[PDB]
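This document starts with one chain, in the form deposited in one PDB entry, laid out as structure tokens.
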């Protein structure tokens, strides 16, 4: 189905992205790790320790259940219920002294935009990231692409009170049209809410825009400089040749279009390949 193909595609994106920035021996902190479904991707990249934190205890309980069913892992796994964005990370990790901080990588998949609820939370998130990382370490992940959101929003006239677009498997509905009323510009980088539906994945959840220019500028204030901002489509096109013969021959089959080549097509193309972007930054200096 379209949604199965979207999930396979996103998993391939994550496999490639994790391998790109993770190397043998690394310690990874995964913010907003959810149910912890990427452990084997970090394992394949050779990590020595995984630390996952999520605000949802239900998700962490499930992440722990999944982890405990695994056998003979070469790396340590620490899973913590805690707020990664609105509170200092020291609160969450105080009772887990086995965590090896500073770490080599911080990752955050399909979640960092939650930190853009307010400026306070965006800055607390960035402080948590830089203080956790070694100088030279990387911060990477996957977020809704504000540049694609702005393209869609620029095609919606100001007369529409709740700007919306979508297709048979996904929908975006903005809470207000302040963007269009403000000359097609968000009045603030923070708290710009839209409801997001993705079939069998995201049940009409309020989400916040993460304007990339603001994210980049803020990151620079905390000593992090841009490494990557390719949209999912371009990232996949460029990386899949290194990657065809490495994937699970079933995941390989799951990445095949009708025309026989690798990617996504049909109703899944827009949410899978355009709506999301990769991101990465490198910590080049200490936040003083």
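So that the term is clear: the rigid core is the largest set of C-alpha atoms that superpose within 1.5 Å between two forms. Residue numbers count along the first chain shown, from 1.
From this point on, the text means the form deposited in another entry, which you will not see here.
Novice: For the list 202, 127, 103, 77, which one shows a CA move of 2 Å or more between this form and the one not shown after the core is fit?
Specialist: The displaced C-alpha is that of 202.
Novice: State yes or no: after fitting on the rigid core, is the Cα displacement of residue 238 between this form and the one not shown at least 2 Å?
Specialist: No; residue 238 is a residue whose C-alpha shifts by less than 2 Å between this form and the one not shown when the cores are overlaid.
Novice: Does the C-alpha of residue 259 move 2 Å or more between this form and the one not shown once the rigid core is lined up?
Specialist: Shift of 2 Å or more: yes.
Novice: Residue 81 to residue 204, Cα distance in the other form relative to here: closer or farther, by 3 Å or more?
Specialist: Closer in the other form, by 3 Å or more.
Novice: Look at the CA atoms of residue 203 and residue 81: state whether they lie closer or farther apart in the other form than in this form, given a difference of 3 Å or more.
Specialist: So the answer is closer.
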